[PDB]
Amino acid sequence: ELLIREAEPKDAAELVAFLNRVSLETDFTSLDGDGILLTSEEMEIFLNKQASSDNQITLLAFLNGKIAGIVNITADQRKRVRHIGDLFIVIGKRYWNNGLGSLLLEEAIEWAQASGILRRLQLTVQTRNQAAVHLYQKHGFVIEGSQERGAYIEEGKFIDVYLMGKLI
């Protein structure tokens, strides 16, 4: 049983818990053992901001009533760049490779298309993170550049990232 819907402030405590869990599952994102470093009350503030924002959104995936994944679009408000959404997605490791990430990413893209503001979606992905690269390409993201020392892992060493975007 799977529901995908937009985050509500009542999800804050459980979202913080989810993000601290996934922070310990991999080193593919900026999240590390220090976790999300946000209180449930800070996260409420965040989720309210996202919900009222015309060019930003947090969508949550629930598996039998518990959050199993999140996709985030954030965006700057200045007119130069307000049409650009920066994407972030993470799925609980035990649920990988069952299509949740594609489901969530497709919902995000649909929302972004409907927004009327967002005309570009983008992100940075570690080149070694081939699952992410493949998923993003599958949904029409292209590799737009590659950057040396785009990330630091394992207490020394530096690794490369790709930049990826999709026009909408």
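So that there is no doubt, residue numbering starts at 1 and follows the sequence shown.
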Exercise. Looking at the deposited entry, does 122 to 130 or 109 to 117 carry the larger mean Cα B-factor?
Worked result: 109 to 117
For this session: Quick one: classify residue 144 as lowest, middle or highest third of the chain based on its Cα B-factor.
Result: lowest
Exercise. Considering only modelled residues of the same chain, in which third does the CA B-factor of residue 46 rank: lowest, middle or highest?
Worked result: highest
For this session: Could you look up the Cα B-factor of residue 99 in the entry and say which third of the chain it sits in: lowest, middle or highest?
Result: highest
Exercise. Comparing residue 137 with the other modelled residues of its chain, is its CA B-factor in the lowest, middle or highest third?
Worked result: middle
For this session: Ordered by C-alpha B-factor within the chain, which third holds residue 160? Give me lowest, middle or highest, please.
Result: lowest
